[PDB]
Ligand SMILES: [Cl-]
């Protein structure tokens, strides 16, 4: 079958810039290539077909080119409405194959996260389990790291994190990290700390609480 | 007027069979092609296969052995049936039309359905337990919506009254069950002179929970 390799897998660009996405077929596909756009939380939509023909309603800032095994999609004067994942697809033979996609996000000024830490509720401990939560809200860029410490010592396991998609209004991201441990584990230590590393500072943002307080 | 709509059981146990239906309108299956495409987290889009205008079919190489796509032209319905489902089969499934030579868009998929979420899991429908996140000029509070299945839950604060400053994070899985955190940031004033409540709704279990966040 034919493999479709798309690059870059992800891209952040400023409003007004020119974005270029590549797609390479593992074999000559003789221009039988389409590009699809999938806006956040929506179904994919046809953007370009037969390599360079724009589908109905697609703005002129979008253009496609290519031949043989090499194709590309270009967006000039990137607009906020263009944030989406883009996928190429060939229809030269069967089976049809999609490229892996390129996730396009907007650049904006760096913003430091606002960090908050929350101890487990008395109610949850009754269950025999404890969840300690650390929130990192409205930051940019997306790259961020969290380190949990208990009585001054790092705890690597039992941590799950989740990050929101880029905010359509302020272009920031927010993340929650939850450390889960047994009630016995939680009640045997006193100082709980989450340390957050982000480009906006040269030492971690630290938030803590004492179980005994 | 072209429309495609996917339907079918959005929850299936592993090793079991997935059965979905795509109902089209605005065009006839007699001169159109309908494809099934899935989107799973971390795996972009995957073409599963399709049924062509004359009833012929073609399939994704990996899925061919357990997938069958059929149609009923008289009812304008296309069907997907896939066996031996496993966790990784969890994804949003779409049907999409391509017109072939009778269309200006040739074989490109020009019309897509809204998609249907499919979760393949052995977990049973469970209502969430809701716990408070209380601080222990602005204050951030929240609620931990833990141990529910399947997705989704919706969370509002003071019935939407605090829409500004809310962050609801993607749920994460643990032992078959989902957990999600939702936070709200309000003026130090509201927190002291007004009750703050997180309203959690879980359709699948016909449950609605209201948890007031009180100071520690
Ligand atoms: Cl594919």
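Protein chains in written order, with my numbering: chain A, 4 to 216; chain B, 71 to 286. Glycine included, every Cβ here is placed at the ideal spot set by N, Cα and C.
Within 7 angstroms, strictly: CB atoms of residue i and residue j
| i | j | result |
| --- | --- | --- |
| residue 89 of chain A | residue 24 of chain A | yes |
| residue 107 of chain B | residue 171 of chain B | no |
| residue 187 of chain B | residue 162 of chain B | yes |
| residue 81 of chain A | residue 16 of chain A | yes |
| residue 286 of chain B | residue 206 of chain B | yes |
| residue 216 of chain A | residue 209 of chain A | no |
| residue 139 of chain B | residue 150 of chain B | yes |
| residue 116 of chain A | residue 142 of chain A | yes |
| residue 105 of chain B | residue 123 of chain B | no |
| residue 202 of chain B | residue 213 of chain B | yes |
| residue 185 of chain B | residue 103 of chain A | no |
| residue 210 of chain B | residue 253 of chain B | yes |
| residue 194 of chain A | residue 109 of chain A | no |
| residue 99 of chain A | residue 117 of chain B | yes |
| residue 165 of chain A | residue 270 of chain B | no |
| residue 152 of chain B | residue 88 of chain B | yes |
| residue 42 of chain A | residue 131 of chain A | no |
| residue 72 of chain A | residue 28 of chain A | yes |
| residue 207 of chain A | residue 200 of chain A | yes |
| residue 147 of chain B | residue 100 of chain B | no |
| residue 193 of chain B | residue 272 of chain B | no |
| residue 44 of chain A | residue 55 of chain A | no |
| residue 106 of chain A | residue 13 of chain A | yes |
| residue 35 of chain A | residue 95 of chain A | yes |
| residue 71 of chain B | residue 96 of chain B | yes |
| residue 9 of chain A | residue 137 of chain A | no |
| residue 220 of chain B | residue 189 of chain B | yes |
| residue 235 of chain B | residue 255 of chain B | yes |
Run of the beta strand (DSSP E) containing residue i, from where it starts to where it stops
| i | result |
| --- | --- |
| residue 114 of chain A | Careful: residue 114 of chain A lies outside any beta strand (DSSP E) and carries neither H nor E. |
| residue 153 of chain B | Unbroken run through residue 153 of chain B: none, as it is neither H nor E. |
| residue 217 of chain A | Since the displayed chain A opens at 4 and closes at 216, residue 217 of chain A lies outside it and no answer follows. |
| residue 8 of chain A | 7 to 10 |
| residue 16 of chain A | 13 to 16 |
| residue 30 of chain A | It is not in any beta strand (DSSP E) - residue 30 of chain A carries neither H nor E in the DSSP assignment. |
| residue 71 of chain B | Element bounds for residue 71 of chain B: n/a, residue is neither H nor E. |
| residue 44 of chain A | Neither: residue 44 of chain A is in no beta strand (DSSP E) and is coded neither H nor E. |
| residue 204 of chain A | Per DSSP, residue 204 of chain A belongs to no beta strand (DSSP E) and is neither H nor E. |
| residue 136 of chain B | Neither: residue 136 of chain B is in no beta strand (DSSP E) and is coded neither H nor E. |
| residue 89 of chain B | 88 to 95 |
Residue i - containing alpha helix (DSSP H), residue span
| i | result |
| --- | --- |
| residue 189 of chain A | 186 to 189 |
| residue 126 of chain A | 125 to 128 |
Beta bridge counterpart(s) of residue i as assigned by DSSP
| i | result |
| --- | --- |
| residue 121 of chain B | B/104 and B/127 |
| residue 257 of chain B | B/208 |
| residue 277 of chain B | B/272 |
| residue 211 of chain A | A/196 |
| residue 109 of chain B | B/115 and B/162 |
| residue 142 of chain A | A/176 |
| residue 104 of chain A | Paired residues: none, contrary to the question. |
| residue 77 of chain B | B/91 |
| residue 142 of chain B | B/147 |
| residue 24 of chain A | A/76 |
| residue 327 of chain B | There is simply no residue 327 of chain B to check, as chain B begins at 71 and stops at 286 in what is shown. |
| residue 252 of chain B | B/213 and B/238 |
| residue 132 of chain A | A/185 |
| residue 119 of chain A | A/138 |
| residue 247 of chain B | B/244 |
| residue 37 of chain A | A/92 |
Proximal chain C residues relative to residue i, where beta-carbon distance stays under 8 angstroms
| i | result |
| --- | --- |
| residue 140 of chain A | Absent here is chain C; the protein component of the structure consists of chains A and B. |
Segments of 3+ residues assigned as beta strand (DSSP E) that fall wholly inside the region 190 to 241 of chain B:
199 to 203, 208 to 218, 224 to 227 and 236 to 238
Quick one, what's near ligand 1 if you take every residue whose CB is closer than 5 angstroms to any heavy atom, in chain order?
A/100, A/101, B/116 and B/117
Report the start-end ranges of each alpha helix (DSSP H) in the region 162 to 191 of chain B that is 4 residues or longer and not cut off at the edges.
none
Write down every uninterrupted run of the beta strand (DSSP E) in the region 50 to 94 of chain A whose length is 3 residues or greater and which is fully enclosed by it, in chain order.
65 to 70, 73 to 78 and 87 to 93
Curious, which full-length beta strand (DSSP E) runs of at least 3 residues does the region 155 to 183 of chain A contain?
156 to 158 and 162 to 166
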